[PDB]
């Protein structure tokens, strides 16, 4: 029914055009991407259990030409495996092309391309922070609501070769075992505080050692001891997360037991940060590829 290969060709056609140049797909092609990827999301576990080699990327926030640059450096799928940590939309000027490209690769390569839920993949957040407005401007509100139904099915966490725990935000004082994540039911919005809310929203903090208050107005901060306890309980080496704007594109927290990834250089046009992607090779060795502001 849906021509995946022609959607991707048209999305990749603007490689080497002036940044900001739109790919105006048909509404029914976009609806097709949302409904087909949703079925793929629902057939795969909510806790992904992935294997290296793998490229891990943090927030994109609709910077579509920076996503194209990440693929240039890392190899366009299926040349590399990918895990994205969420926050595909809002802030940037081309959320639509960004999420369409990622959803198209997910349909095309469903065992080699993976996407986590971020906090901007929630209707209440992407309504305010740009994605509703981009949808209204370029298509309509009904298509914005179709994306909502797709985002509600996204998986929440990943474990890479039994050693790297990946999610968007971070930890929860409610999180006792991995099984707790596993029967969070989908589709779900995030209607209350608690585990799923914390996985999308929580932040490390150097000046709390346990659990602390979060300046975002939601969820918590966690310190180095929290991370240490969690990794040792579940026999893990590293938390890989995203969610926070960092100067170098990547930043270590909690005695290098956590790393933050941010894959959108020069965020909002206003911060002068770099972007970063984490390459985990086949022998569980990590390296960082930097994308300049």
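Residue numbers count along the first chain shown, from 1. Heads up, when I say rigid core I mean the largest set of C-alphas that superpose within 1.5 Å between the two forms.
A fit on the rigid core, followed by a root mean square over CA positions in 7 other deposited structures of this protein, ranks 190 to 198 against 176 to 184 and picks 190 to 198 as the more shifted one. When the two stretches 213 to 221 and 124 to 132 are set side by side, the higher mean Cα temperature factor goes to 213 to 221.
Look at the mean CA B-factor for 53 to 61 and for 66 to 74 in the entry; the higher one is 66 to 74. Across 172, 98, 112, 188, the greatest Cα temperature factor reported in the deposited entry is at 188. Among all modelled residues in its chain, residue 149 ranks in the middle third by Cα B-factor. Annotation for residue 35: C-alpha temperature factor in the middle third relative to the rest of the modelled chain, per the entry. When the CA B factors of the chain's modelled residues are split into thirds, the value for residue 238 lands in the lowest one. Per the PDB record, residue ranking by Cα B-factor puts residue 268 in the highest third of the chain.
Among the modelled residues of the chain, residue 208 sits in the highest third by CA temperature factor in this PDB entry.
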